[PDB]
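What follows is a set of notes on a single structure, which appears directly below.
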Amino acid sequence: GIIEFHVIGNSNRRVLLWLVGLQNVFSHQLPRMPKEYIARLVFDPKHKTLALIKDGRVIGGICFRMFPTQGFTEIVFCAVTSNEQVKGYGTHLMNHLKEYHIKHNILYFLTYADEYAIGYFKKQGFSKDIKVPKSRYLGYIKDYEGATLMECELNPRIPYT
Amino acid sequence: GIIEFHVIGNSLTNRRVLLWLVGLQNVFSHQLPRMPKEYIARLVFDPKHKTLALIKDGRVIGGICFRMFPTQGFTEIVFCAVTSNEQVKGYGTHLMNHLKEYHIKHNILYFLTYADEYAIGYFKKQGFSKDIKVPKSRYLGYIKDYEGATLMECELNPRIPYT
Amino acid sequence: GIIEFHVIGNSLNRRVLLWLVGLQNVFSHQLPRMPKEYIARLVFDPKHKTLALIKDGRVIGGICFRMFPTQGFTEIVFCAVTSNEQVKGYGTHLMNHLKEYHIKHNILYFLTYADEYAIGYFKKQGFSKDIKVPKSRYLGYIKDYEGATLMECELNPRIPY
Amino acid sequence: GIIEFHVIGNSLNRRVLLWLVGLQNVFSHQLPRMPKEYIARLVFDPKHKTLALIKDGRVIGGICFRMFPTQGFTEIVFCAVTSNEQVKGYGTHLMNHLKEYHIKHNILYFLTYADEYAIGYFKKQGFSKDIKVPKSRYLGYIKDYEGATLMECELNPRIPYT
Amino acid sequence: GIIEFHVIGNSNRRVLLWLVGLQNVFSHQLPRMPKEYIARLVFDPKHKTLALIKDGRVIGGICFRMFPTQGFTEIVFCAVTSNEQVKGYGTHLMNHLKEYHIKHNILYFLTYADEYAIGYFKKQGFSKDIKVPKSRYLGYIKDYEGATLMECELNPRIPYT
Amino acid sequence: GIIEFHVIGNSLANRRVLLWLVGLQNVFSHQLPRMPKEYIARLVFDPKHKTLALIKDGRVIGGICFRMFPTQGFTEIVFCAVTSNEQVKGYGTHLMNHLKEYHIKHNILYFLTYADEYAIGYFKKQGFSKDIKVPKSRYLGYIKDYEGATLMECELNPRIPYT
Amino acid sequence: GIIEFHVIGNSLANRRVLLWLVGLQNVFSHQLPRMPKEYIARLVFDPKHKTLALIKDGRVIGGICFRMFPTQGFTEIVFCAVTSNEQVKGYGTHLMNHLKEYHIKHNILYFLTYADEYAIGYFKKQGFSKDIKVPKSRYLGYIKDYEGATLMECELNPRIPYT
Amino acid sequence: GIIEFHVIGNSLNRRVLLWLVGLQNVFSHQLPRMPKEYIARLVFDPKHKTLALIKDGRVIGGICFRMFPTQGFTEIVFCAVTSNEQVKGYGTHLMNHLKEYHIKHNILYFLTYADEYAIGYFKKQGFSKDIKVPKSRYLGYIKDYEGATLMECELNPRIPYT
Ligand SMILES: CC(C)(COP(=O)(O)OP(=O)(O)OC[C@H]1O[C@@H](n2cnc3c(N)ncnc32)[C@H](O)[C@@H]1OP(=O)(O)O)[C@@H](O)C(=O)NCCC(=O)NCCSC(=O)CCCC(=O)O
Ligand SMILES: CC(C)(COP(=O)(O)OP(=O)(O)OC[C@H]1O[C@@H](n2cnc3c(N)ncnc32)[C@H](O)[C@@H]1OP(=O)(O)O)[C@@H](O)C(=O)NCCC(=O)NCCSC(=O)CCCC(=O)O
Ligand SMILES: CC(C)(COP(=O)(O)OP(=O)(O)OC[C@H]1O[C@@H](n2cnc3c(N)ncnc32)[C@H](O)[C@@H]1OP(=O)(O)O)[C@@H](O)C(=O)NCCC(=O)NCCSC(=O)CCCC(=O)O
Ligand SMILES: CC(C)(COP(=O)(O)OP(=O)(O)OC[C@H]1O[C@@H](n2cnc3c(N)ncnc32)[C@H](O)[C@@H]1OP(=O)(O)O)[C@@H](O)C(=O)NCCC(=O)NCCSC(=O)CCCC(=O)O
Ligand SMILES: CC(C)(COP(=O)(O)OP(=O)(O)OC[C@H]1O[C@@H](n2cnc3c(N)ncnc32)[C@H](O)[C@@H]1OP(=O)(O)O)[C@@H](O)C(=O)NCCC(=O)NCCSC(=O)CCCC(=O)O
Ligand SMILES: CC(C)(COP(=O)(O)OP(=O)(O)OC[C@H]1O[C@@H](n2cnc3c(N)ncnc32)[C@H](O)[C@@H]1OP(=O)(O)O)[C@@H](O)C(=O)NCCC(=O)NCCSC(=O)CCCC(=O)O
Ligand SMILES: CC(C)(COP(=O)(O)OP(=O)(O)OC[C@H]1O[C@@H](n2cnc3c(N)ncnc32)[C@H](O)[C@@H]1OP(=O)(O)O)[C@@H](O)C(=O)NCCC(=O)NCCSC(=O)CCCC(=O)O
Ligand SMILES: CC(C)(COP(=O)(O)OP(=O)(O)OC[C@H]1O[C@@H](n2cnc3c(N)ncnc32)[C@H](O)[C@@H]1OP(=O)(O)O)[C@@H](O)C(=O)NCCC(=O)NCCSC(=O)CCCC(=O)O
């Protein structure tokens, strides 16, 4: 149906049910993390979420945490619901997220990828060469140990969307 | 007895809480004799200081005074004590665990603190470590420094329940 | 006509408004390979300021910059003097005002990237390739460009009056 | 006669206003190479406060400072004692008061610059050329007087200074 | 490419950037017009502008000024950006402007056209025979020595879009 | 059988008037079928158009939708219709008269209308004329132009009672 | 008797003004007895119409009803009358002289009127002309063109003391 | 000395009032065969504006005008500068300022009835006898003094006059 992207968060029913929608999709695709954890982070004020909507219904999104005081943006949760993967949705999601960030003058993503995920983060432009001083992000980015930290650098000249 | 925990603090915007804070200043000062009593009470009743209080039968029997630095990304452990006839019962670790839970819920996962010789052992068993991942450039001037004490650090795991 | 220097920006005034569009035009005209949209987005960003050089109510040049007190330097984003008034010292006065403005604001370091068409002008303004600012302090704060040369300028602090 | 301290500033009283002028006077006289008006814009800046030393009604000394609590330190801007009150301990009591004041606001580091003529006083007040504080924490905030040693003082909140 | 139309003006950031986008497209497509004149009118509040928005960015517009008291509108600027011309965009912009002017009780367009623009206005149902009296438009619309005054009369009983 | 006149219009209205406006838009739309019913609708509910409604047993049977241009010194006649089973009874004249008297009481003295081939003798019999004394500069681009229709004019005497 | 001039009308009255207006409604209709009293009354009390009243000994003895059309730059003389026991004494010429002075001070420099056969003499003596300098497009429709009545104009000079 | 321009008038502030009276003097004195009553009644009329030329406090000239925004033009009513400051560009700088003022208020036509001594000046200011504004549009809104020359000036809104 109509496909739409909304950057939504907690500061309205339509947004609220979308946020439960997202928390359902993040808990279900990322089972290794307590659903109570995903709920707090999704419904936190400082966290925003880019929501992919197919016909009223959440099917995917990205939860992030902008650190404009730090120069970068932390990518917290990335899921696309199982009957919607591998149709290039995750890419469209990352690009809207990229476009959103260049419009807000922020040019580095930082995220902790799991072994299963790294291939998709490559294909979005993320590298293992972390050019940000560890002193800049340690303690702000939620430091999963074992998970693999990656960087992305945006070019505010390219239209990502 | 009945046991309750409570994050309390001197608000600039109540009386149970007041007498509760007084009781903590009395515990901290008497269990921490080389801390001047006036210095403790200044910190406790300071607004940007919170204080997890441990209450047994309405009576303060311990607690941790801490100062959050969310902009910096870590919490300063300021005081903690358990009153003398309630130590070695596990109350000290229950305070720490609860303190750890509150701090996941507030998206902070780093504890800094200075320890004398006599407290260093306790903090290791709360899973602090001498190795400090946090940049000096981030905590210096915000945490009450202590020349002559160890700087300990603790890293919390948001995927874990502590209480 | 009489020359005026003003440090302006979007405040988050009709005369300042049309001046910011004037700057957006001489910036986007003299830096022709840069997206008009991008220059406009930055000129009108509230956290960027622009030293405008005014001659007869009309914009003839200026320097778009972005200060980083928390980091001790200022990023210089755009510098252009309009064509019919270049090589008249106008560029130098703009740079010299900027230096005066920053000494008074206790920032004594400029960081800029210089393409080959512009690097000489910056050398002649007291810039060097010798970046004394720790890389620790500027990554993720200055728009890292590849293929361009990062230049530094260190100001000399002055006791006013 | 009566000696008396007050932390004065220009916010948004005739007594306080003339007190400030006296402070600009004493500062500008004891710092003769400082432009008088640069001293003026500072004393009367809202973000600057001054610890005034009044003696029998009259400004004889002071320490002008700017607090940077979001950065954990205070910048010491001007110290001075009028010349016929120097070498009496007035300078030290002015400092010790400024310390006691800052313990109470949980700022525990002083930064300042020291020319030839006053570094010895600052060392007697416990300032060191070792700067514990991150250069990343003050480089864009404090006025640099290049040619004058930057010095730091770290405060112990557990001790009385008054 | 999601195209979309909007009648906007100066009384919101994206609207501001949208007008800058418009002032740009106008200057570049109408070079003999001073850039500052174009901006002075676009950001004048009695002047509205029908922005054509391809995939988020301005790629065309008509700056017009409505004169209800006088019973007509002034067509002030017309442009479609260079890469998007001869696709129909110019005619679609006129038709939307015509519908807006039906639903607003205004059924007369006046414009001055130089020789290169006369072809386009004839195609949009403009004519050189001006039935509005000089008494009604003169000194209200900005006249142009040597440009043809072109007139258009709309049918409120027609759908134009 | 009780017949009333009311000058109504869309105030920028209660249900009786709203329903009347609709009934007027219904009637105008049927007795004028070459007029887009969406155009009739948009005009009748315009806040600067008024309508002299002929009502019988609470029911709209006819009206004259007009547009007063007091700055220009005349009124435009927009729509004129009596329902079909009430025509040729003299309703359309009483409507014109009530409208004529309405306007001299409002110090407007000129009517302008466009009349197709099939409406011209109606207006002739209500005092309208093809000879326009109003200057083209006064009305052009203020009245809705209908190319191929005859512009008609009417001059009202304020020393006359019309009703 | 003490004579007075007062520009009055029905605003949006004062019981001394309101009785003056009927005093005028009387004098106008009685001196112009072939115009319906109703038409005179409606106008005198129309609020876009003012009246310059001539008050002798408190009673009304004449006046000039007028209508200022500033947007068009002219005023219309609509009624002029002096009580019968007070004609041929200079009253109609003072009333006009005041009307003139008043309009200079309001930056209006043209008077128009449609004079009947019996008025024309008076208007000429007040410097009125049949030669109309104001284009037809400015007054037509705004002032009523009675068949058989003579448009006459008066052009005022602001550098002249009229009163 | 210091020279400033000020569009002033009576709003229906004493330094303004004394400034208007200064204008009514200067006008009345440069235009002696015009009744001073009439000059004054205009200058202080509220539908009238006056662009004042202040040199060292003192009003040395100005232009009294009347904007007819509904009719699309502005009447020039009085132009004078003091007898001992003419022929220095003052009256031309005054009109240039009046031109810019009217561009921003989108009124791009001036009309004036000139006496024979004025005509040269308005022509240097770019006035001409070829009136594009239809009679219907200005007639009666401006008094047509017999013997006076109706002149017109069209302003170009893309040119910078000041
Ligand atoms: C990976 C996504 C989010 C993307 O879904 P998508 O729409 O299918 O992506 P697409 O545009 O259609 O395809 C893009 C392209 O990415 C490549 N790719 C390589 N590895 C993978 C992979 N594991 N999954 C999905 N795609 C992957 C595929 O080949 C795709 O096609 P392509 O090769 O480009 O032609 C989705 O498949 C999903 O929800 N997976 C399960 C959740 C997950 O594992 N998320 C990653 C971790 S989230 C985070 O920020 C960290 C949490 C903490 C931690 O991990 O430690
Ligand atoms: C440390 C506490 C508060 C803990 O009391 P508790 O309820 O009895 O603890 P528990 O859970 O029952 O047992 C914990 C376990 O920790 C072990 N342990 C090893 N070393 C120590 C040690 N030094 N102190 C307390 N326990 C210690 C004990 O064997 C306990 O049993 P376990 O090993 O688990 O079988 C208590 O002993 C006390 O009141 N101590 C004196 C107050 C004190 O020194 N607190 C820490 C310093 S305050 C601060 O934040 C630092 C200020 C800056 C500076 O000091 O320089
Ligand atoms: C470069 C400026 C802004 C300076 O204009 P100006 O008024 O002529 O300066 P001036 O005081 O009269 O001349 C002083 C001196 O500058 C020297 N110079 C050396 N190289 C150049 C050069 N490439 N362009 C202009 N001047 C240059 C001239 O020889 C002059 O020599 P002199 O000292 O008089 O003997 C102007 O020419 C201009 O707008 N040029 C075209 C646009 C441009 O390339 N601007 C500089 C790039 S913007 C930038 O690098 C900021 C960051 C951009 C990014 O991040 O990518
Ligand atoms: C330095 C002060 C302010 C101190 O006043 P005081 O009453 O004499 O202090 P005290 O407690 O009685 O004496 C304590 C001790 O200070 C020692 N000392 C060593 N060197 C100096 C020195 N250069 N000046 C003053 N005292 C100095 C004296 O020997 C005393 O020693 P002691 O206590 O007996 O062991 C005074 O001498 C004075 O007013 N001097 C003139 C102004 C001045 O030098 N101010 C400090 C310059 S920094 C400033 O405020 C400007 C900004 C920085 C910049 O310009 O870059
Ligand atoms: C005129 C427009 C805006 C329209 O372009 P467009 O998107 O290509 O329109 P289209 O529907 O795709 O094609 C329309 C059709 O109109 C015909 N035509 C005749 N002359 C022209 C012409 N000069 N340019 C474009 N088309 C023109 C062409 O045959 C076009 O294709 P078609 O007939 O459908 O096969 C465009 O060409 C353009 O951007 N031109 C540059 C600026 C400009 O020419 N503006 C018009 C005058 S600005 C004004 O309103 C008055 C300012 C005062 C003054 O000039 O003095
Ligand atoms: C014309 C009216 C509205 C009036 O009808 P009514 O109630 O019967 O009036 P009445 O007092 O009994 O007068 C009947 C009298 O009018 C005469 N007559 C001469 N020509 C016509 C004519 N063309 N149509 C209707 N009647 C006409 C008849 O011979 C009758 O003779 P009579 O006066 O009784 O001796 C009615 O017949 C009707 O419903 N007509 C259908 C709609 C219509 O044509 N309305 C007039 C035009 S709408 C407009 O305002 C113009 C919009 C723009 C445009 O037209 O382009
Ligand atoms: C006209 C007036 C108002 C003037 O009477 P007044 O107070 O005596 O004025 P005055 O200063 O003493 O006379 C100055 C001079 O006016 C001359 N005059 C020349 N023709 C006439 C004339 N036809 N009627 C009255 N006076 C006339 C008299 O001869 C006087 O002496 P003069 O000949 O100059 O040596 C008076 O006669 C009167 O009230 N008459 C009855 C009403 C009347 O006819 N008023 C004239 C206005 S007509 C009107 O308002 C409706 C026309 C609108 C329309 O329906 O189209
Ligand atoms: C005309 C002005 C106002 C001009 O002020 P200014 O500073 O002297 O003029 P400027 O800037 O130096 O420009 C001088 C230049 O204008 C040329 N010019 C040609 N004819 C004349 C002329 N008749 N008067 C003044 N200048 C005249 C002179 O050759 C000068 O040559 P230039 O252009 O400098 O090379 C001045 O001379 C003056 O105050 N004159 C006395 C009052 C006067 O005549 N005012 C203008 C009449 S406006 C009016 O109300 C007339 C009656 C209108 C009505 O019927 O309501």
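Ligands are numbered from 1 in the order shown, chains are lettered A, B, ... in the order of the structure tokens, and residues start at 1 in each chain.
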
Starting from chain G, keep only residues with some atom at most 10 Å from an atom of chain F, counting only C-alpha atoms, and report them as a PyMOL selection string. chain G and resi 35-40+42-43+46+48+71-72+136-146

Generate the output file for the selected residues, N, CA, C and O atoms, as a PDB file, in the first residue's frame.
ATOM      1  N   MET G  35     -40.429  65.130  -3.290  1.00  0.00           N
ATOM      2  CA  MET G  35     -39.605  63.975  -2.958  1.00  0.00           C
ATOM      3  C   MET G  35     -40.185  63.294  -1.729  1.00  0.00           C
ATOM      4  O   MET G  35     -40.448  63.973  -0.721  1.00  0.00           O
ATOM      5  N   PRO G  36     -40.391  61.975  -1.761  1.00  0.00           N
ATOM      6  CA  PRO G  36     -41.078  61.318  -0.650  1.00  0.00           C
ATOM      7  C   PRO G  36     -40.343  61.559   0.664  1.00  0.00           C
ATOM      8  O   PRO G  36     -39.118  61.448   0.741  1.00  0.00           O
ATOM      9  N   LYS G  37     -41.110  61.967   1.683  1.00  0.00           N
ATOM     10  CA  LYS G  37     -40.559  62.189   3.016  1.00  0.00           C
ATOM     11  C   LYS G  37     -39.748  60.997   3.452  1.00  0.00           C
ATOM     12  O   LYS G  37     -38.728  61.145   4.135  1.00  0.00           O
ATOM     13  N   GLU G  38     -40.197  59.796   3.072  1.00  0.00           N
ATOM     14  CA  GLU G  38     -39.478  58.589   3.453  1.00  0.00           C
ATOM     15  C   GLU G  38     -38.076  58.612   2.878  1.00  0.00           C
ATOM     16  O   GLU G  38     -37.097  58.345   3.581  1.00  0.00           O
ATOM     17  N   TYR G  39     -37.961  58.973   1.601  1.00  0.00           N
ATOM     18  CA  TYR G  39     -36.656  58.986   0.971  1.00  0.00           C
ATOM     19  C   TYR G  39     -35.753  60.008   1.646  1.00  0.00           C
ATOM     20  O   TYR G  39     -34.583  59.732   1.918  1.00  0.00           O
ATOM     21  N   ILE G  40     -36.303  61.163   2.002  1.00  0.00           N
ATOM     22  CA  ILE G  40     -35.531  62.168   2.726  1.00  0.00           C
ATOM     23  C   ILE G  40     -35.111  61.648   4.090  1.00  0.00           C
ATOM     24  O   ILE G  40     -33.956  61.797   4.499  1.00  0.00           O
ATOM     25  N   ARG G  42     -34.779  58.536   5.198  1.00  0.00           N
ATOM     26  CA  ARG G  42     -33.834  57.432   5.121  1.00  0.00           C
ATOM     27  C   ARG G  42     -32.431  57.961   4.950  1.00  0.00           C
ATOM     28  O   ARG G  42     -31.519  57.564   5.679  1.00  0.00           O
ATOM     29  N   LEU G  43     -32.272  58.940   4.065  1.00  0.00           N
ATOM     30  CA  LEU G  43     -30.968  59.544   3.799  1.00  0.00           C
ATOM     31  C   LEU G  43     -30.428  60.348   4.983  1.00  0.00           C
ATOM     32  O   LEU G  43     -29.302  60.110   5.431  1.00  0.00           O
ATOM     33  N   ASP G  46     -29.242  58.101   7.217  1.00  0.00           N
ATOM     34  CA  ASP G  46     -28.245  57.159   6.766  1.00  0.00           C
ATOM     35  C   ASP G  46     -26.891  57.559   7.335  1.00  0.00           C
ATOM     36  O   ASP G  46     -26.539  58.746   7.352  1.00  0.00           O
ATOM     37  N   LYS G  48     -23.734  56.758   6.271  1.00  0.00           N
ATOM     38  CA  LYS G  48     -22.758  57.322   5.343  1.00  0.00           C
ATOM     39  C   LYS G  48     -23.127  58.745   4.902  1.00  0.00           C
ATOM     40  O   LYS G  48     -22.413  59.296   4.064  1.00  0.00           O
ATOM     41  N   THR G  71     -12.879  57.700  -1.104  1.00  0.00           N
ATOM     42  CA  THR G  71     -12.245  56.803  -2.072  1.00  0.00           C
ATOM     43  C   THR G  71     -12.317  57.327  -3.490  1.00  0.00           C
ATOM     44  O   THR G  71     -11.458  57.003  -4.309  1.00  0.00           O
ATOM     45  N   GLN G  72     -13.339  58.107  -3.810  1.00  0.00           N
ATOM     46  CA  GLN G  72     -13.482  58.670  -5.141  1.00  0.00           C
ATOM     47  C   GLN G  72     -13.124  60.141  -5.210  1.00  0.00           C
ATOM     48  O   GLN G  72     -13.110  60.706  -6.308  1.00  0.00           O
ATOM     49  N   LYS G 136     -16.472  60.467 -15.810  1.00  0.00           N
ATOM     50  CA  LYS G 136     -17.687  59.713 -15.524  1.00  0.00           C
ATOM     51  C   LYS G 136     -17.418  58.454 -14.691  1.00  0.00           C
ATOM     52  O   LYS G 136     -18.223  58.099 -13.818  1.00  0.00           O
ATOM     53  N   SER G 137     -16.280  57.789 -14.914  1.00  0.00           N
ATOM     54  CA  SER G 137     -15.988  56.541 -14.215  1.00  0.00           C
ATOM     55  C   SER G 137     -15.888  56.714 -12.704  1.00  0.00           C
ATOM     56  O   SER G 137     -15.895  55.710 -11.986  1.00  0.00           O
ATOM     57  N   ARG G 138     -15.797  57.943 -12.203  1.00  0.00           N
ATOM     58  CA  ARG G 138     -15.526  58.166 -10.790  1.00  0.00           C
ATOM     59  C   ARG G 138     -16.784  58.371  -9.979  1.00  0.00           C
ATOM     60  O   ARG G 138     -16.814  58.059  -8.781  1.00  0.00           O
ATOM     61  N   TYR G 139     -17.815  58.898 -10.611  1.00  0.00           N
ATOM     62  CA  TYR G 139     -19.037  59.240  -9.920  1.00  0.00           C
ATOM     63  C   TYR G 139     -20.219  58.422 -10.374  1.00  0.00           C
ATOM     64  O   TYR G 139     -21.190  58.320  -9.622  1.00  0.00           O
ATOM     65  N   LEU G 140     -20.162  57.822 -11.559  1.00  0.00           N
ATOM     66  CA  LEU G 140     -21.350  57.194 -12.111  1.00  0.00           C
ATOM     67  C   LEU G 140     -21.711  55.984 -11.262  1.00  0.00           C
ATOM     68  O   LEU G 140     -20.842  55.207 -10.854  1.00  0.00           O
ATOM     69  N   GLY G 141     -22.987  55.860 -10.937  1.00  0.00           N
ATOM     70  CA  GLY G 141     -23.426  54.826 -10.033  1.00  0.00           C
ATOM     71  C   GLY G 141     -23.400  55.226  -8.586  1.00  0.00           C
ATOM     72  O   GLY G 141     -24.306  54.857  -7.842  1.00  0.00           O
ATOM     73  N   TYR G 142     -22.375  55.976  -8.161  1.00  0.00           N
ATOM     74  CA  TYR G 142     -22.277  56.382  -6.758  1.00  0.00           C
ATOM     75  C   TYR G 142     -23.287  57.466  -6.412  1.00  0.00           C
ATOM     76  O   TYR G 142     -23.840  57.470  -5.305  1.00  0.00           O
ATOM     77  N   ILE G 143     -23.507  58.413  -7.320  1.00  0.00           N
ATOM     78  CA  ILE G 143     -24.506  59.453  -7.153  1.00  0.00           C
ATOM     79  C   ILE G 143     -25.604  59.170  -8.155  1.00  0.00           C
ATOM     80  O   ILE G 143     -25.314  58.783  -9.290  1.00  0.00           O
ATOM     81  N   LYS G 144     -26.863  59.353  -7.748  1.00  0.00           N
ATOM     82  CA  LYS G 144     -27.979  58.906  -8.584  1.00  0.00           C
ATOM     83  C   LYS G 144     -28.329  59.921  -9.683  1.00  0.00           C
ATOM     84  O   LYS G 144     -28.632  61.086  -9.395  1.00  0.00           O
ATOM     85  N   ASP G 145     -28.325  59.452 -10.941  1.00  0.00           N
ATOM     86  CA  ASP G 145     -28.537  60.275 -12.136  1.00  0.00           C
ATOM     87  C   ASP G 145     -30.032  60.355 -12.427  1.00  0.00           C
ATOM     88  O   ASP G 145     -30.568  59.627 -13.267  1.00  0.00           O
ATOM     89  N   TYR G 146     -30.715  61.273 -11.757  1.00  0.00           N
ATOM     90  CA  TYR G 146     -32.139  61.434 -12.014  1.00  0.00           C
ATOM     91  C   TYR G 146     -32.369  62.018 -13.395  1.00  0.00           C
ATOM     92  O   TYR G 146     -31.766  63.026 -13.761  1.00  0.00           O
TER      93      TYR G 146
END

Using only C-alpha atoms, which protein or nucleic acid residues come within 6 Å of stretch 59-67 of chain H? Drop anything in the same chain fewer than 6 positions from it, and give the result as a compact mmCIF listing (two decimals) with N, CA and C atoms, in the first residue's frame.
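Ended up saving to out08.txt:
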# COMPACT_ATOMS: atom_id res chain seq x y z
N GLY H 22 9.75 73.37 12.18
CA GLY H 22 10.90 73.81 11.40
C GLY H 22 10.64 73.69 9.92
N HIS H 48 -0.70 63.28 5.61
CA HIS H 48 0.52 63.77 4.98
C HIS H 48 1.75 63.35 5.78
N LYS H 49 2.80 63.00 5.05
CA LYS H 49 4.11 62.67 5.57
C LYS H 49 5.09 63.74 5.12
N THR H 50 6.20 63.87 5.85
CA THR H 50 7.26 64.79 5.46
C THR H 50 8.62 64.15 5.70
N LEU H 51 9.48 64.13 4.69
CA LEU H 51 10.82 63.58 4.84
C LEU H 51 11.75 64.72 5.20
N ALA H 52 12.29 64.66 6.41
CA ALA H 52 13.04 65.75 6.99
C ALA H 52 14.52 65.55 6.76
N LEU H 53 15.23 66.66 6.62
CA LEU H 53 16.67 66.68 6.41
C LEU H 53 17.29 67.46 7.57
N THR H 74 2.08 58.75 -5.39
CA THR H 74 2.38 59.60 -4.26
C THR H 74 2.48 60.99 -4.81
N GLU H 75 1.85 61.93 -4.13
CA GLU H 75 1.91 63.33 -4.49
C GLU H 75 3.10 63.98 -3.83
N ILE H 76 3.89 64.71 -4.60
CA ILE H 76 4.90 65.59 -4.03
C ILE H 76 4.24 66.95 -3.84
N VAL H 77 4.28 67.46 -2.61
CA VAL H 77 3.49 68.62 -2.24
C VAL H 77 4.36 69.85 -2.03
N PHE H 78 5.46 69.72 -1.28
CA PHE H 78 6.44 70.78 -1.05
C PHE H 78 7.85 70.22 -1.11
N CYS H 79 8.75 70.91 -1.81
CA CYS H 79 10.19 70.67 -1.76
C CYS H 79 10.90 71.97 -1.42
N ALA H 80 11.60 72.01 -0.28
CA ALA H 80 12.44 73.17 -0.01
C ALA H 80 13.71 72.73 0.70
N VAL H 81 14.82 73.46 0.46
CA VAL H 81 15.97 73.43 1.37
C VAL H 81 16.35 74.88 1.69
N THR H 82 16.94 75.09 2.87
CA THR H 82 17.21 76.44 3.37
C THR H 82 18.07 77.21 2.39

Residues of stretch 42-142 of chain E in strand (DSSP E or B), written as JSON, numbers by chain: {"E": [47, 48, 49, 50, 51, 52, 53, 54, 57, 58, 59, 60, 61, 62, 63, 64, 65, 66, 67, 72, 73, 74, 75, 76, 77, 78, 79, 80, 108, 109, 110, 111, 112, 113, 127, 138, 141]}

Counting only C-alpha atoms and all ligand atoms, what residues are within 8 Å of ligand 2, given as a count of residues only? 42

Env of residue D:38: 10 Å cut, atoms = only C-alpha atoms, seq-sep filter 2 positions within chain, self excluded. Answer as a CSV table (one decimal) with N, CA and C atoms, in the first residue's frame.
chain,number,residue,atom,x,y,z
C,159,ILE,N,45.1,41.8,24.3
C,159,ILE,CA,44.4,42.5,25.4
C,159,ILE,C,43.8,43.7,24.8
C,160,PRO,N,42.4,43.7,24.7
C,160,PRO,CA,41.8,44.8,23.9
C,160,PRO,C,42.0,46.2,24.5
C,161,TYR,N,41.8,47.2,23.7
C,161,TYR,CA,42.1,48.6,24.0
C,161,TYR,C,43.5,48.8,24.4
D,24,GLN,N,36.6,48.5,40.1
D,24,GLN,CA,37.2,48.9,38.8
D,24,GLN,C,38.4,49.9,39.0
D,28,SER,N,42.1,48.9,38.3
D,28,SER,CA,42.7,49.5,37.2
D,28,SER,C,44.0,50.2,37.6
D,34,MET,N,46.8,47.4,32.2
D,34,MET,CA,45.5,47.0,31.7
D,34,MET,C,44.7,48.2,31.3
D,35,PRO,N,44.2,48.2,30.0
D,35,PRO,CA,43.2,49.2,29.6
D,35,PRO,C,42.1,49.4,30.6
D,36,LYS,N,41.8,50.6,31.1
D,36,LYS,CA,40.8,50.8,32.1
D,36,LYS,C,39.4,50.3,31.6
D,40,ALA,N,36.7,47.6,32.9
D,40,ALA,CA,35.3,48.0,33.2
D,40,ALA,C,34.3,47.0,32.6
D,41,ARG,N,34.5,46.6,31.3
D,41,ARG,CA,33.5,45.7,30.8
D,41,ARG,C,33.5,44.4,31.5
D,42,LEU,N,34.6,44.0,32.2
D,42,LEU,CA,34.6,42.8,32.9
D,42,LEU,C,33.9,42.9,34.2
D,43,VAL,N,34.3,43.9,35.0
D,43,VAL,CA,33.7,44.1,36.4
D,43,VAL,C,32.2,44.1,36.3
